[PDB]
Amino acid sequence: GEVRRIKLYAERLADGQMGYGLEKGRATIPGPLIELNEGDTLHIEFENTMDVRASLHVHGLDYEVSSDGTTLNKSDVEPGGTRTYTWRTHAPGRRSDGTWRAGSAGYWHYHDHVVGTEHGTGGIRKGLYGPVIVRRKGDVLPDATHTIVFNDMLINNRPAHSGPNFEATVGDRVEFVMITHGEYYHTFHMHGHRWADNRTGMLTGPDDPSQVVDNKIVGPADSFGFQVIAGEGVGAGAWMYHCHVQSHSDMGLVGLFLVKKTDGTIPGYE
Amino acid sequence: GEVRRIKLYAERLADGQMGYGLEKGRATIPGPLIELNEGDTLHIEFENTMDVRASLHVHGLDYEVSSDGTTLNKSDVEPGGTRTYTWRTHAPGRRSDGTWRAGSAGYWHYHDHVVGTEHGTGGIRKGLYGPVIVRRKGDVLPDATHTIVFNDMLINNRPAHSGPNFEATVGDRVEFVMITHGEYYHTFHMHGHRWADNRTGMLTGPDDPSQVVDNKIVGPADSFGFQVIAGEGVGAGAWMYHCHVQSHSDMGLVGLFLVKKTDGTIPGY
Amino acid sequence: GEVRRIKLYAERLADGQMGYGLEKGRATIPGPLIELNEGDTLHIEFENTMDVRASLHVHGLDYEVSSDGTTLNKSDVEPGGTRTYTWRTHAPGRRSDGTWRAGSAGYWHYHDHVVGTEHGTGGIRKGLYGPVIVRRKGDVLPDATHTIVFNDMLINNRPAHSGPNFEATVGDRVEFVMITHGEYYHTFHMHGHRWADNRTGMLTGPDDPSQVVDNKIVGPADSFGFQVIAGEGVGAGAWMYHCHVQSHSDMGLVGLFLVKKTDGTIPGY
Ligand SMILES: [Cu+2]
Ligand SMILES: [Cu+2]
Ligand SMILES: [Cu+2]
Ligand SMILES: [Cu+2]
Ligand SMILES: [Cu+2]
Ligand SMILES: [Cu+2]
Ligand SMILES: [Cu+2]
Ligand SMILES: [Cu+2]
Ligand SMILES: [Cu+2]
Ligand SMILES: [O]
Ligand SMILES: [O]
């Protein structure tokens, strides 16, 4: 039941892109990671510093239509405007009727829904997306969290080779949040590492029958996440991740998960 | 379970379309919802009223090759002809070697397999598809059931790329059956509602580790379903569903889930 | 687990193809099925008989960067050269942080990662792929295992877009390994049969909420498998499998699971 507040700004970036940021002139693509525990409420004091209408739409979380971020529900923001979005989460529980209500926990995301078209096509293309993680009580917390967004044919709207590199040390618990946008399907593959196809990316125990995978088909606005122990059973190294759609990897939709030894070294690569 | 008998008709409809119906003259796209409990048998006395060969093929359910609905197994229907298809369902249970045999329960579908091509490509495109729900003993029943078919670049073969709207009252248990056909992948998204990625779309309880989602990638002939409590924790309103592939949403592959207050109104709509 | 050793060769085949084989002159597409139990180590003495650099990259299994099969990690093989790749597997268990380490068990695959491009595009296109199955202790073993690879618009690089046929007898426990490669998404559908969407393709018991399906969207480098009891509740027959993307099935991406009665015959020929 923690009630939190944050300021968020939409800004046009020096290069032509658009981005969310927690302060003026600090916008990033992807936007800031929002982390909540189930039961939390978040008030987002959103300011649109751009010269076109902009909004904030979230997946997964509970919001009233007045925080939908659409034109249909009159919840976008005029240029230079300001608006307070409210997102809520709940824990799972038993309803009166005896059914189980699923809680909010998961790997989610937020994006623009009015820039360019009513569905936010132009905003999303330009970089108005970011990750949201909602944790369940008792969920295991990572040493670091990284966000990878396959947006059309770019990763994190990077120039290309589109992928960023992420660094860790052997044994670190690392979380990846993976979001996809745009027009195309992709397949996310990471060398050396695997995860479970379930809510957390990790098996609950010997009795969880979830497929264990290292490759997953994803389409626009899919989101999933997982945690790995960096280098577990495989060692230090430059571990690539990439889209496995052969034309995509060949165009350089690839990056590196650099797993260093505890002395800071890595077996030579490239 | 029970042995059930129904009649089904395939008919041309007025725009190059084709549909299945429970009565002559009442063909619809999507076809009629067939709904069964595990164990039941269904005999469908199928009549093809069109001037081309047609069939009925179902996913998921038990059928012998004589009800495959294919030219391969000579189970399609000449123009103006009739054929009785039989679908069977079974409950889950343990085999004599201790392995677990999965039951028929799920969100399935049926479609033509011989119109236009030997894979029913023209029949599907023209509207010859419908939903089938097989329920397990003890499954929670909804108040209303709605079918959304992404068929190539149409929803339920409606023109103007628009999708249908559906109406509920806050708190109604509402079931959606989502089927995809044709050539393209899509991603199904619903504002303000979420479901579990498992058989019923609902978590069994605290031990079920399935991902809770509000967006799912789907391809031709995929089907899944879910139930939601309309407006739960978000309230009344015009809640959009749409394909999230950006050019599909832009082109209007969108509809509304209109969730009313008990007093019949909806926010700013 | 045991330490096992094999030799593997990459070779040019007729018609601009390339394949892996266990012996010189005996390359196949798909390559040989490699089967391991969790805990086993495999040393593959790999010999590149081609005039281009080639490698072996595996999904799912444990390997160090020295056996990555990539240019990045300098672990591919010069023309005429040899290299030992080592693949390891582990059983699941509880870590010291209290979390459960998933084992290596599953349906995996291997393929080239340096022919034509640095992601093996050319090699994969030409036929340098194969299946790997890692079993968990106590996993039920099948009577037969069949591998279907959807590679771009071919099945197992066979001509005329046809897929192979597979034969079984009613009641046989038959395993399928399904791998996808290339540029396209596909949807795998099998008539008459269904499976669970989970690690083994089978439900573990009444507590498993996995969707039971007969159609699954797959993309490049996805792999899954399942076992079915051939003809269970449906009988003998010619049971089609196909991609359900309509233009794919219409182009011939289809094959038959031929299920015989115990007396040897198939219903309808
Ligand atoms: Cu939307
Ligand atoms: Cu891609
Ligand atoms: Cu979205
Ligand atoms: Cu078929
Ligand atoms: Cu779509
Ligand atoms: Cu079908
Ligand atoms: Cu790779
Ligand atoms: Cu296909
Ligand atoms: Cu691969
Ligand atoms: O959205
Ligand atoms: O089919």
# chains A, B, ... in the order shown; residues from 1 in each chain; ligands from 1

$ residues_near_ligand --ligand "ligand 7" --cutoff "12 Å" --atoms "only C-alpha atoms and all ligand atoms" --output "ChimeraX atom specification"
/A:187-193,214-215,238-246,248-250,252-256 /C:55-60,65,68-73,110-114,117-121,220-221

$ interface_residues --of "chain C" --to "chain B" --cutoff "8 Å" --atoms "only C-alpha atoms" --output "MDAnalysis selection string"
chainID C and resid 186:187 191:196 202:206 209:217 233:239 244:247 249:250 267:268

$ write_last_selection --atoms "N, CA, C and O atoms" --output "short mmCIF file (atom, residue, chain, number, x, y, z; two decimals), in the first residue's frame"
data_model
loop_
_atom_site.label_atom_id
_atom_site.label_comp_id
_atom_site.auth_asym_id
_atom_site.auth_seq_id
_atom_site.Cartn_x
_atom_site.Cartn_y
_atom_site.Cartn_z
N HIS C 186 6.02 -19.38 -38.73
CA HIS C 186 5.15 -20.47 -39.21
C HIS C 186 4.15 -20.87 -38.12
O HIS C 186 4.31 -20.42 -36.98
N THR C 187 3.14 -21.66 -38.41
CA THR C 187 2.33 -22.23 -37.36
C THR C 187 2.21 -23.72 -37.62
O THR C 187 1.66 -24.10 -38.63
N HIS C 191 -3.32 -32.74 -37.43
CA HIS C 191 -4.64 -33.29 -37.34
C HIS C 191 -4.70 -34.48 -36.42
O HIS C 191 -3.74 -35.24 -36.29
N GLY C 192 -5.79 -34.58 -35.68
CA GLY C 192 -6.00 -35.78 -34.90
C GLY C 192 -5.28 -35.93 -33.60
O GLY C 192 -5.48 -36.93 -32.91
N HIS C 193 -4.43 -34.96 -33.26
CA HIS C 193 -3.53 -35.08 -32.16
C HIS C 193 -3.34 -33.70 -31.52
O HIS C 193 -3.68 -32.70 -32.14
N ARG C 194 -2.98 -33.70 -30.26
CA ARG C 194 -2.76 -32.47 -29.55
C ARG C 194 -1.67 -32.70 -28.49
O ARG C 194 -1.38 -33.83 -28.15
N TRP C 195 -1.18 -31.63 -27.90
CA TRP C 195 -0.10 -31.75 -26.93
C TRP C 195 -0.18 -30.60 -25.98
O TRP C 195 -0.90 -29.63 -26.21
N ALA C 196 0.62 -30.67 -24.94
CA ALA C 196 0.72 -29.61 -23.99
C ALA C 196 1.81 -28.63 -24.32
O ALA C 196 2.92 -28.96 -24.67
N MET C 202 3.73 -32.95 -22.59
CA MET C 202 2.78 -33.77 -21.95
C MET C 202 2.45 -33.13 -20.65
O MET C 202 3.26 -32.45 -20.03
N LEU C 203 1.23 -33.34 -20.21
CA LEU C 203 0.85 -32.81 -18.89
C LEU C 203 1.36 -33.76 -17.82
O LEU C 203 1.33 -34.96 -18.00
N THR C 204 1.84 -33.22 -16.70
CA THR C 204 2.45 -34.04 -15.66
C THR C 204 1.36 -34.69 -14.80
O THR C 204 1.58 -35.72 -14.23
N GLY C 205 0.20 -34.07 -14.73
CA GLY C 205 -0.91 -34.56 -13.93
C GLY C 205 -2.01 -33.55 -13.94
O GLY C 205 -1.97 -32.58 -14.72
N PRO C 206 -3.00 -33.71 -13.08
CA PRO C 206 -4.13 -32.83 -13.01
C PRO C 206 -3.78 -31.44 -12.50
O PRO C 206 -4.52 -30.54 -12.68
N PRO C 209 -1.58 -26.62 -15.46
CA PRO C 209 -2.51 -25.74 -16.17
C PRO C 209 -2.04 -25.32 -17.58
O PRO C 209 -2.78 -24.54 -18.23
N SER C 210 -1.01 -25.97 -18.10
CA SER C 210 -0.53 -25.68 -19.47
C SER C 210 -1.69 -25.79 -20.46
O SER C 210 -2.56 -26.71 -20.37
N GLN C 211 -1.72 -24.88 -21.43
CA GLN C 211 -2.68 -24.98 -22.56
C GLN C 211 -2.38 -26.27 -23.33
O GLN C 211 -1.27 -26.69 -23.45
N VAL C 212 -3.43 -26.96 -23.70
CA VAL C 212 -3.39 -28.08 -24.58
C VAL C 212 -3.76 -27.50 -25.95
O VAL C 212 -4.76 -26.75 -26.07
N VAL C 213 -2.94 -27.78 -26.93
CA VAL C 213 -3.03 -27.11 -28.24
C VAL C 213 -2.86 -28.09 -29.39
O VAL C 213 -2.34 -29.18 -29.22
N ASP C 214 -3.29 -27.68 -30.60
CA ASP C 214 -2.89 -28.41 -31.76
C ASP C 214 -2.33 -27.56 -32.86
O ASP C 214 -2.18 -28.04 -33.98
N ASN C 215 -1.96 -26.35 -32.50
CA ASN C 215 -1.46 -25.34 -33.41
C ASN C 215 -0.56 -24.41 -32.60
O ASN C 215 -0.90 -24.04 -31.48
N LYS C 216 0.64 -24.08 -33.11
CA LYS C 216 1.62 -23.32 -32.32
C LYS C 216 2.38 -22.41 -33.24
O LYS C 216 2.95 -22.90 -34.20
N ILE C 217 2.41 -21.11 -32.92
CA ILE C 217 3.19 -20.17 -33.72
C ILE C 217 4.67 -20.33 -33.32
O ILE C 217 4.98 -20.46 -32.16
N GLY C 233 -7.77 -42.16 -29.29
CA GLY C 233 -9.11 -41.66 -29.31
C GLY C 233 -9.59 -41.26 -30.69
O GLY C 233 -10.72 -40.77 -30.82
N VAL C 234 -8.74 -41.42 -31.71
CA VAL C 234 -9.08 -41.02 -33.06
C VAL C 234 -8.92 -42.13 -34.11
O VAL C 234 -9.49 -42.03 -35.20
N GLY C 235 -8.17 -43.17 -33.80
CA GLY C 235 -7.97 -44.26 -34.73
C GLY C 235 -6.85 -44.08 -35.73
O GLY C 235 -6.11 -43.07 -35.79
N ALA C 236 -6.67 -45.12 -36.50
CA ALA C 236 -5.79 -45.12 -37.61
C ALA C 236 -6.19 -44.19 -38.73
O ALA C 236 -7.32 -43.73 -38.87
N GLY C 237 -5.21 -43.83 -39.52
CA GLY C 237 -5.45 -43.01 -40.66
C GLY C 237 -4.24 -42.25 -41.13
O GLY C 237 -3.16 -42.30 -40.51
N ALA C 238 -4.44 -41.54 -42.22
CA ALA C 238 -3.49 -40.57 -42.69
C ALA C 238 -3.83 -39.23 -42.07
O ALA C 238 -4.84 -38.61 -42.44
N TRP C 239 -3.02 -38.86 -41.10
CA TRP C 239 -3.20 -37.66 -40.28
C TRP C 239 -2.22 -36.56 -40.74
O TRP C 239 -1.01 -36.65 -40.60
N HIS C 244 -0.02 -23.79 -40.87
CA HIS C 244 -1.40 -23.29 -41.12
C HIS C 244 -1.44 -21.86 -41.68
O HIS C 244 -2.54 -21.34 -41.92
N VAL C 245 -0.29 -21.24 -41.94
CA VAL C 245 -0.27 -20.03 -42.73
C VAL C 245 -0.78 -20.43 -44.12
O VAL C 245 -0.25 -21.36 -44.78
N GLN C 246 -1.88 -19.84 -44.55
CA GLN C 246 -2.64 -20.44 -45.66
C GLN C 246 -1.83 -20.54 -46.97
O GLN C 246 -1.93 -21.57 -47.67
N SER C 247 -1.06 -19.52 -47.29
CA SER C 247 -0.26 -19.62 -48.49
C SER C 247 0.88 -20.67 -48.35
O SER C 247 1.34 -21.18 -49.35
N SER C 249 0.59 -23.64 -46.56
CA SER C 249 0.03 -24.96 -46.78
C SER C 249 -0.32 -25.11 -48.27
O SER C 249 -0.15 -26.22 -48.83
N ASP C 250 -0.71 -24.02 -48.92
CA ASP C 250 -1.15 -24.13 -50.34
C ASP C 250 0.02 -24.38 -51.27
O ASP C 250 -0.13 -24.98 -52.30
N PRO C 267 -6.93 -47.07 -42.91
CA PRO C 267 -8.25 -46.59 -43.30
C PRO C 267 -8.18 -45.65 -44.47
O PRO C 267 -7.46 -44.64 -44.46
N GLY C 268 -8.87 -46.04 -45.53
CA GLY C 268 -8.97 -45.22 -46.70
C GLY C 268 -7.73 -45.23 -47.55
O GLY C 268 -7.55 -44.30 -48.34
#

$ closest_atom_pairs --of "chain A" --to "ligand 5" --cutoff "12 Å" --atoms "only C-alpha atoms and all ligand atoms" --output "Markdown table"
| residue | atom | partner | partner_atom_place_in_ligand_line | distance |
| --- | --- | --- | --- | --- |
| A:182 | CA | ligand 5 | 1 (Cu) | 11.2 |
| A:183 | CA | ligand 5 | 1 (Cu) | 9.3 |
| A:184 | CA | ligand 5 | 1 (Cu) | 10.5 |
| A:185 | CA | ligand 5 | 1 (Cu) | 11.1 |
| A:219 | CA | ligand 5 | 1 (Cu) | 10.1 |
| A:220 | CA | ligand 5 | 1 (Cu) | 9.5 |
| A:221 | CA | ligand 5 | 1 (Cu) | 11.7 |

$ residues_near_ligand --ligand "ligand 10" --cutoff "8 Å" --atoms "only C-alpha atoms and all ligand atoms" --output "PyMOL selection string"
(chain A and resi 57-59+111+113+119-120) or (chain B and resi 189-191+242+244)

$ atom_distance --atom1 "CA of residue 132 in chain A" --atom2 "CA of residue 176 in chain A"
11.8 Å

$ closest_atom_pairs --of "chain A" --to "chain B" --cutoff "8 Å" --atoms "only C-alpha atoms" --output "JSON lines"
{"residue": "A:59", "atom": "CA", "partner": "B:214", "partner_atom": "CA", "distance": 6.8}
{"residue": "A:60", "atom": "CA", "partner": "B:214", "partner_atom": "CA", "distance": 6.0}
{"residue": "A:61", "atom": "CA", "partner": "B:192", "partner_atom": "CA", "distance": 7.5}
{"residue": "A:62", "atom": "CA", "partner": "B:234", "partner_atom": "CA", "distance": 5.6}
{"residue": "A:63", "atom": "CA", "partner": "B:234", "partner_atom": "CA", "distance": 5.3}
{"residue": "A:64", "atom": "CA", "partner": "B:234", "partner_atom": "CA", "distance": 4.8}
{"residue": "A:65", "atom": "CA", "partner": "B:237", "partner_atom": "CA", "distance": 6.3}
{"residue": "A:68", "atom": "CA", "partner": "B:191", "partner_atom": "CA", "distance": 7.9}
{"residue": "A:73", "atom": "CA", "partner": "B:268", "partner_atom": "CA", "distance": 7.1}
{"residue": "A:92", "atom": "CA", "partner": "B:206", "partner_atom": "CA", "distance": 7.9}
{"residue": "A:99", "atom": "CA", "partner": "B:205", "partner_atom": "CA", "distance": 7.9}
{"residue": "A:100", "atom": "CA", "partner": "B:205", "partner_atom": "CA", "distance": 5.4}
{"residue": "A:101", "atom": "CA", "partner": "B:203", "partner_atom": "CA", "distance": 7.3}
{"residue": "A:102", "atom": "CA", "partner": "B:203", "partner_atom": "CA", "distance": 6.3}
{"residue": "A:104", "atom": "CA", "partner": "B:212", "partner_atom": "CA", "distance": 7.9}
{"residue": "A:105", "atom": "CA", "partner": "B:212", "partner_atom": "CA", "distance": 7.9}
{"residue": "A:106", "atom": "CA", "partner": "B:212", "partner_atom": "CA", "distance": 7.1}
{"residue": "A:117", "atom": "CA", "partner": "B:250", "partner_atom": "CA", "distance": 6.9}
{"residue": "A:118", "atom": "CA", "partner": "B:250", "partner_atom": "CA", "distance": 7.4}
{"residue": "A:119", "atom": "CA", "partner": "B:250", "partner_atom": "CA", "distance": 6.6}
{"residue": "A:121", "atom": "CA", "partner": "B:246", "partner_atom": "CA", "distance": 6.0}
{"residue": "A:181", "atom": "CA", "partner": "B:245", "partner_atom": "CA", "distance": 7.7}
{"residue": "A:182", "atom": "CA", "partner": "B:246", "partner_atom": "CA", "distance": 5.5}
{"residue": "A:183", "atom": "CA", "partner": "B:245", "partner_atom": "CA", "distance": 5.1}
{"residue": "A:184", "atom": "CA", "partner": "B:245", "partner_atom": "CA", "distance": 7.4}
{"residue": "A:197", "atom": "CA", "partner": "B:211", "partner_atom": "CA", "distance": 7.9}
{"residue": "A:198", "atom": "CA", "partner": "B:211", "partner_atom": "CA", "distance": 5.0}
{"residue": "A:199", "atom": "CA", "partner": "B:211", "partner_atom": "CA", "distance": 3.9}
{"residue": "A:200", "atom": "CA", "partner": "B:211", "partner_atom": "CA", "distance": 7.7}
{"residue": "A:204", "atom": "CA", "partner": "B:209", "partner_atom": "CA", "distance": 7.4}
{"residue": "A:208", "atom": "CA", "partner": "B:209", "partner_atom": "CA", "distance": 7.5}
{"residue": "A:218", "atom": "CA", "partner": "B:217", "partner_atom": "CA", "distance": 6.8}
{"residue": "A:219", "atom": "CA", "partner": "B:217", "partner_atom": "CA", "distance": 5.6}
{"residue": "A:220", "atom": "CA", "partner": "B:245", "partner_atom": "CA", "distance": 5.4}
{"residue": "A:221", "atom": "CA", "partner": "B:244", "partner_atom": "CA", "distance": 6.4}
{"residue": "A:222", "atom": "CA", "partner": "B:215", "partner_atom": "CA", "distance": 5.9}

$ select_by_dssp --residues "range 33-253 of chain B" --states "strand (DSSP E)" --output "PyMOL selection string"
chain B and resi 34-37+41-48+57-58+82-88+93-94+100-101+106-111+129-135+144-151+154-155+166-169+173-181+186-190+195-196+212-213+215-218+223-229+237-243

$ write_last_selection --atoms "C-alpha atoms" --output "JSON list (two decimals), in the first residue's frame"
[["chain", "number", "residue", "atom", "x", "y", "z"],
["B", 34, "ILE", "CA", -20.55, -24.75, -30.30],
["B", 35, "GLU", "CA", -20.21, -25.45, -26.72],
["B", 36, "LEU", "CA", -19.60, -28.97, -25.06],
["B", 37, "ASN", "CA", -18.51, -30.57, -21.80],
["B", 41, "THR", "CA", -20.29, -36.47, -28.33],
["B", 42, "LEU", "CA", -21.68, -34.25, -31.03],
["B", 43, "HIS", "CA", -23.21, -35.42, -34.29],
["B", 44, "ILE", "CA", -23.40, -32.61, -36.80],
["B", 45, "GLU", "CA", -25.75, -33.22, -39.71],
["B", 46, "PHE", "CA", -24.05, -30.87, -42.17],
["B", 47, "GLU", "CA", -25.66, -29.67, -45.35],
["B", 48, "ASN", "CA", -23.81, -27.86, -48.03],
["B", 57, "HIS", "CA", -12.74, -29.44, -39.94],
["B", 58, "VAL", "CA", -12.30, -29.01, -36.23],
["B", 82, "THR", "CA", -25.23, -33.78, -46.65],
["B", 83, "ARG", "CA", -22.88, -35.56, -44.35],
["B", 84, "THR", "CA", -22.94, -36.38, -40.63],
["B", 85, "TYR", "CA", -19.69, -35.42, -38.87],
["B", 86, "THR", "CA", -18.97, -36.75, -35.40],
["B", 87, "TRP", "CA", -16.85, -34.97, -32.80],
["B", 88, "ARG", "CA", -16.00, -36.63, -29.50],
["B", 93, "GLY", "CA", -7.07, -39.08, -16.67],
["B", 94, "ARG", "CA", -4.35, -41.49, -15.95],
["B", 100, "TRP", "CA", -1.55, -38.45, -17.77],
["B", 101, "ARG", "CA", -3.80, -38.15, -20.77],
["B", 106, "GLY", "CA", -10.10, -25.66, -24.36],
["B", 107, "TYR", "CA", -10.95, -22.84, -26.74],
["B", 108, "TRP", "CA", -11.07, -24.42, -30.16],
["B", 109, "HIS", "CA", -12.54, -23.75, -33.59],
["B", 110, "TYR", "CA", -13.86, -25.21, -36.74],
["B", 111, "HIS", "CA", -13.49, -24.18, -40.39],
["B", 129, "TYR", "CA", -15.07, -20.37, -39.43],
["B", 130, "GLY", "CA", -16.52, -20.58, -35.98],
["B", 131, "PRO", "CA", -15.65, -21.18, -32.30],
["B", 132, "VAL", "CA", -15.95, -24.37, -30.19],
["B", 133, "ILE", "CA", -15.62, -24.32, -26.41],
["B", 134, "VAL", "CA", -15.09, -27.56, -24.46],
["B", 135, "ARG", "CA", -15.53, -27.11, -20.73],
["B", 144, "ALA", "CA", -21.73, -13.74, -21.83],
["B", 145, "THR", "CA", -19.30, -15.14, -24.48],
["B", 146, "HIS", "CA", -17.86, -13.04, -27.34],
["B", 147, "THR", "CA", -15.93, -14.23, -30.41],
["B", 148, "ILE", "CA", -13.24, -12.10, -32.09],
["B", 149, "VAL", "CA", -11.62, -13.50, -35.25],
["B", 150, "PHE", "CA", -8.70, -11.76, -36.86],
["B", 151, "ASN", "CA", -9.09, -13.04, -40.39],
["B", 154, "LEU", "CA", -10.53, -8.02, -41.08],
["B", 155, "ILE", "CA", -12.21, -8.63, -37.73],
["B", 166, "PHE", "CA", -19.19, -5.66, -27.08],
["B", 167, "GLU", "CA", -21.20, -4.50, -24.09],
["B", 168, "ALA", "CA", -21.14, -5.54, -20.45],
["B", 169, "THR", "CA", -21.99, -4.19, -17.04],
["B", 173, "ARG", "CA", -17.91, -12.37, -15.93],
["B", 174, "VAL", "CA", -17.28, -12.07, -19.68],
["B", 175, "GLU", "CA", -15.59, -14.65, -21.90],
["B", 176, "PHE", "CA", -13.72, -13.89, -25.05],
["B", 177, "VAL", "CA", -12.73, -16.47, -27.66],
["B", 178, "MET", "CA", -9.98, -15.23, -29.95],
["B", 179, "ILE", "CA", -9.24, -17.01, -33.22],
["B", 180, "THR", "CA", -6.84, -16.01, -35.99],
["B", 181, "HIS", "CA", -6.82, -17.04, -39.64],
["B", 186, "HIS", "CA", -1.30, -10.28, -35.15],
["B", 187, "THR", "CA", -1.03, -9.30, -31.53],
["B", 188, "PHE", "CA", -4.20, -9.09, -29.42],
["B", 189, "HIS", "CA", -4.29, -6.31, -26.83],
["B", 190, "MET", "CA", -7.10, -5.20, -24.46],
["B", 195, "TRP", "CA", -5.58, -12.61, -18.40],
["B", 196, "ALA", "CA", -3.47, -15.66, -17.71],
["B", 212, "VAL", "CA", -0.40, -12.75, -16.73],
["B", 213, "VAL", "CA", -0.57, -10.75, -19.95],
["B", 215, "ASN", "CA", -1.02, -8.65, -25.24],
["B", 216, "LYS", "CA", -0.50, -11.94, -27.09],
["B", 217, "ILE", "CA", 1.06, -12.84, -30.43],
["B", 218, "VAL", "CA", -1.14, -15.06, -32.53],
["B", 223, "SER", "CA", -7.18, -19.99, -30.64],
["B", 224, "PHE", "CA", -7.22, -19.11, -27.02],
["B", 225, "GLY", "CA", -9.80, -17.66, -24.63],
["B", 226, "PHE", "CA", -10.13, -16.04, -21.33],
["B", 227, "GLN", "CA", -12.65, -14.59, -18.95],
["B", 228, "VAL", "CA", -12.43, -11.32, -17.19],
["B", 229, "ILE", "CA", -14.55, -9.52, -14.63],
["B", 237, "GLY", "CA", -15.64, 2.85, -19.58],
["B", 238, "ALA", "CA", -15.02, 2.36, -23.27],
["B", 239, "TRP", "CA", -12.10, -0.04, -23.16],
["B", 240, "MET", "CA", -10.45, -0.60, -26.51],
["B", 241, "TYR", "CA", -9.22, -3.89, -27.83],
["B", 242, "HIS", "CA", -7.04, -3.92, -30.92],
["B", 243, "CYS", "CA", -4.26, -5.57, -32.81]]

$ residues_around --residues "residue 18 in chain C" --least-positions-apart "2" --cutoff "6 Å" --atoms "only C-alpha atoms" --output "PyMOL selection string"
chain C and resi 11-13+126-128

$ residues_around --residues "residue 107 in chain A" --least-positions-apart "6" --cutoff "6 Å" --atoms "only C-alpha atoms" --output "list in words"
residues 133, 224 and 225 of chain A

$ atom_distance --atom1 "CA of residue 14 in chain C" --atom2 "CA of residue 52 in chain C"
15.9 Å

$ closest_residue --among "A:161, A:186, A:146, A:136" --to "residue 173 in chain A" --atoms "only C-alpha atoms"
A:146

$ select_by_dssp --residues "range 18-253 of chain B" --states "helix (DSSP H, G or I)" --output "count of residues only"
14
